Amino acid sequence: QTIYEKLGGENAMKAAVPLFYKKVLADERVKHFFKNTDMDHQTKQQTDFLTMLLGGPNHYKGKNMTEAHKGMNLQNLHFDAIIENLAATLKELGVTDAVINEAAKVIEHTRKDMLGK
Ligand code: HEM
């Protein structure tokens, strides 16, 4: 009963993160930020990161959220787009509103670490 397990665990996270990128990469608000990103690497990192954040195993070895988005000067509308695409991804995969809201509430604390950096 971590949020990770409530979402369905490792197989669920492995399905969720590439679907979240399919949506982010179609979203006019954000898709261009990933123009030059190795998407295989990014999907691995973000899988490790959300797995750690939502109380699964902690194997995340990448940058902190300020370092990861340094120099992007990201704006509030970009963060809303990301959270909205993650919520729609979890909804499409059959997660209840309550469990999505629990997830979003944890992720929301990162917003001040990545905006405007
Ligand atoms: C606010 C809008 C966001 C945008 C536009 C964005 C975009 C990006 C981009 C383009 C990179 C790759 C940088 C590179 O290839 O050099 C990246 C790295 C990453 N972002 Fe975001 N991101 C955003 C929000 C988030 C959120 C909400 C999270 C999770 C809470 C997150 C987690 C990560 C992680 C784990 C990395 C990888 C760091 C590493 O490779 O060491 N990002 N982000």
# chains A, B, ... in the order shown; residues from 1 in each chain; ligands from 1
>>> closest_atom_pairs(of="chain A", to="ligand 1", cutoff="8 Å", atoms="only C-alpha atoms and all ligand atoms", output="tab-separated table")
residue	atom	partner	partner_atom_place_in_ligand_line	distance
A:30	CA	ligand 1	5 (C)	5.4
A:31	CA	ligand 1	5 (C)	7.6
A:33	CA	ligand 1	10 (C)	4.6
A:34	CA	ligand 1	10 (C)	4.5
A:35	CA	ligand 1	10 (C)	7.7
A:36	CA	ligand 1	15 (O)	6.5
A:37	CA	ligand 1	15 (O)	4.2
A:38	CA	ligand 1	15 (O)	6.5
A:41	CA	ligand 1	40 (O)	7.4
A:42	CA	ligand 1	37 (C)	5.9
A:45	CA	ligand 1	35 (C)	5.3
A:46	CA	ligand 1	35 (C)	4.3
A:47	CA	ligand 1	35 (C)	7.7
A:48	CA	ligand 1	35 (C)	7.5
A:49	CA	ligand 1	35 (C)	5.1
A:50	CA	ligand 1	29 (C)	6.8
A:61	CA	ligand 1	41 (O)	7.0
A:62	CA	ligand 1	41 (O)	3.3
A:63	CA	ligand 1	41 (O)	3.8
A:64	CA	ligand 1	38 (C)	6.9
A:65	CA	ligand 1	32 (C)	6.5
A:67	CA	ligand 1	38 (C)	7.7
A:68	CA	ligand 1	38 (C)	4.6
A:69	CA	ligand 1	43 (N)	5.8
A:72	CA	ligand 1	5 (C)	7.8
A:74	CA	ligand 1	1 (C)	6.0
A:75	CA	ligand 1	1 (C)	7.0
A:76	CA	ligand 1	1 (C)	7.1
A:77	CA	ligand 1	1 (C)	7.7
A:78	CA	ligand 1	2 (C)	4.4
A:79	CA	ligand 1	1 (C)	3.4
A:80	CA	ligand 1	1 (C)	7.2
A:81	CA	ligand 1	2 (C)	7.0
A:82	CA	ligand 1	2 (C)	5.5
A:83	CA	ligand 1	27 (C)	6.4
A:107	CA	ligand 1	30 (C)	5.1
A:108	CA	ligand 1	30 (C)	7.4
A:110	CA	ligand 1	30 (C)	5.8
A:111	CA	ligand 1	27 (C)	6.7
A:114	CA	ligand 1	1 (C)	6.8
A:115	CA	ligand 1	1 (C)	6.8
>>> atom_distance(atom1="atom CA of residue 96 of chain A", atom2="atom CA of residue 60 of chain A")
26.2 Å
>>> residues_around(residues="residue 21 of chain A", least_positions_apart="4", cutoff="8 Å", atoms="only C-alpha atoms", output="PDB file with N, CA, C and O atoms, in the first residue's frame")
ATOM      1  N   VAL A  17       4.947   4.925 -17.974  1.00  0.00           N
ATOM      2  CA  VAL A  17       5.872   6.045 -18.370  1.00  0.00           C
ATOM      3  C   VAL A  17       5.958   6.243 -19.901  1.00  0.00           C
ATOM      4  O   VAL A  17       5.853   7.352 -20.340  1.00  0.00           O
ATOM      5  N   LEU A  25       4.571  14.092 -25.719  1.00  0.00           N
ATOM      6  CA  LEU A  25       5.213  14.366 -26.988  1.00  0.00           C
ATOM      7  C   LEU A  25       4.165  14.802 -28.018  1.00  0.00           C
ATOM      8  O   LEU A  25       4.534  15.129 -29.171  1.00  0.00           O
ATOM      9  N   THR A  43      13.110   7.675 -20.592  1.00  0.00           N
ATOM     10  CA  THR A  43      12.016   6.824 -20.066  1.00  0.00           C
ATOM     11  C   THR A  43      12.561   5.980 -18.896  1.00  0.00           C
ATOM     12  O   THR A  43      11.888   5.777 -17.880  1.00  0.00           O
TER      13      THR A  43
END
>>> select_by_dssp(residues="segment 5-56 of chain A", states="alpha helix (DSSP H)", output="number ranges by chain")
A: 5-7, 9-24, 39-53
>>> write_last_selection(atoms="N, CA and C atoms", output="CSV table (one decimal), in the first residue's frame")
chain,number,residue,atom,x,y,z
A,5,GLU,N,2.5,0.6,-5.2
A,5,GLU,CA,1.8,-0.7,-5.2
A,5,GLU,C,0.3,-0.5,-5.6
A,6,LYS,N,-0.3,0.7,-5.1
A,6,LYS,CA,-1.7,1.0,-5.4
A,6,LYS,C,-1.9,1.2,-7.0
A,7,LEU,N,-0.9,1.7,-7.6
A,7,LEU,CA,-0.9,1.9,-9.1
A,7,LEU,C,-0.8,0.6,-9.8
A,9,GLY,N,2.3,-1.4,-9.3
A,9,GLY,CA,3.6,-2.0,-9.2
A,9,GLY,C,4.5,-1.8,-10.4
A,10,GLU,N,5.5,-2.7,-10.5
A,10,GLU,CA,6.5,-2.5,-11.5
A,10,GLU,C,5.9,-2.6,-13.0
A,11,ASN,N,5.1,-3.6,-13.2
A,11,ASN,CA,4.6,-3.7,-14.6
A,11,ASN,C,3.7,-2.6,-15.0
A,12,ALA,N,3.0,-2.0,-14.0
A,12,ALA,CA,2.2,-0.9,-14.3
A,12,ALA,C,3.1,0.4,-14.5
A,13,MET,N,4.1,0.6,-13.7
A,13,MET,CA,4.9,1.8,-14.0
A,13,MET,C,5.6,1.7,-15.4
A,14,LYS,N,6.1,0.5,-15.8
A,14,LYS,CA,6.7,0.3,-17.1
A,14,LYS,C,5.7,0.6,-18.2
A,15,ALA,N,4.4,0.3,-18.1
A,15,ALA,CA,3.4,0.7,-19.1
A,15,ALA,C,3.1,2.3,-19.0
A,16,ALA,N,3.0,2.8,-17.8
A,16,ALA,CA,2.6,4.2,-17.6
A,16,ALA,C,3.7,5.2,-18.2
A,17,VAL,N,4.9,4.9,-18.0
A,17,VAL,CA,5.9,6.0,-18.4
A,17,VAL,C,6.0,6.2,-19.9
A,18,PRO,N,6.0,5.1,-20.7
A,18,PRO,CA,6.0,5.4,-22.2
A,18,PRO,C,4.7,6.0,-22.7
A,19,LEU,N,3.5,5.6,-22.0
A,19,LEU,CA,2.3,6.3,-22.4
A,19,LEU,C,2.2,7.8,-22.0
A,20,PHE,N,2.8,8.0,-20.8
A,20,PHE,CA,2.9,9.5,-20.4
A,20,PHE,C,3.8,10.2,-21.5
A,21,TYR,N,4.9,9.6,-21.9
A,21,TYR,CA,5.7,10.3,-23.0
A,21,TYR,C,4.9,10.4,-24.3
A,22,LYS,N,4.2,9.4,-24.7
A,22,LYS,CA,3.4,9.5,-25.9
A,22,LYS,C,2.5,10.8,-25.8
A,23,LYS,N,1.9,10.9,-24.7
A,23,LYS,CA,1.0,12.1,-24.5
A,23,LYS,C,1.8,13.4,-24.4
A,24,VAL,N,2.9,13.4,-23.7
A,24,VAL,CA,3.6,14.7,-23.5
A,24,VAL,C,4.2,15.1,-24.9
A,39,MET,N,15.0,9.4,-25.9
A,39,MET,CA,13.8,9.0,-25.1
A,39,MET,C,13.9,7.7,-24.4
A,40,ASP,N,14.7,6.8,-24.9
A,40,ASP,CA,15.0,5.6,-24.2
A,40,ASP,C,15.6,5.9,-22.8
A,41,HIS,N,16.7,6.7,-22.8
A,41,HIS,CA,17.3,7.1,-21.6
A,41,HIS,C,16.3,7.8,-20.7
A,42,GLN,N,15.6,8.8,-21.2
A,42,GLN,CA,14.7,9.6,-20.4
A,42,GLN,C,13.6,8.7,-19.8
A,43,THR,N,13.1,7.7,-20.6
A,43,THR,CA,12.0,6.8,-20.1
A,43,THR,C,12.6,6.0,-18.9
A,44,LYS,N,13.8,5.5,-19.0
A,44,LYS,CA,14.4,4.8,-17.9
A,44,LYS,C,14.6,5.6,-16.6
A,45,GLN,N,15.1,6.8,-16.8
A,45,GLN,CA,15.3,7.7,-15.7
A,45,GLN,C,14.0,8.1,-15.0
A,46,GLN,N,13.0,8.3,-15.8
A,46,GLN,CA,11.7,8.9,-15.2
A,46,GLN,C,11.0,7.7,-14.6
A,47,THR,N,11.1,6.5,-15.2
A,47,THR,CA,10.6,5.3,-14.5
A,47,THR,C,11.3,5.1,-13.1
A,48,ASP,N,12.7,5.1,-13.1
A,48,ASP,CA,13.4,5.0,-11.8
A,48,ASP,C,12.9,6.2,-10.9
A,49,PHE,N,12.7,7.4,-11.4
A,49,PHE,CA,12.4,8.5,-10.5
A,49,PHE,C,11.0,8.4,-9.9
A,50,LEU,N,10.0,8.2,-10.7
A,50,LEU,CA,8.7,8.0,-10.2
A,50,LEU,C,8.5,6.7,-9.3
A,51,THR,N,9.2,5.7,-9.7
A,51,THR,CA,9.2,4.4,-8.9
A,51,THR,C,9.7,4.8,-7.4
A,52,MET,N,10.8,5.5,-7.4
A,52,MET,CA,11.4,5.9,-6.1
A,52,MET,C,10.4,6.9,-5.4
A,53,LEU,N,9.8,7.8,-6.1
A,53,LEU,CA,9.1,8.9,-5.4
A,53,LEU,C,7.7,8.3,-4.8
>>> closest_residue(among="A:66, A:85, A:73, A:101", to="residue 28 of chain A", atoms="only C-alpha atoms")
A:85
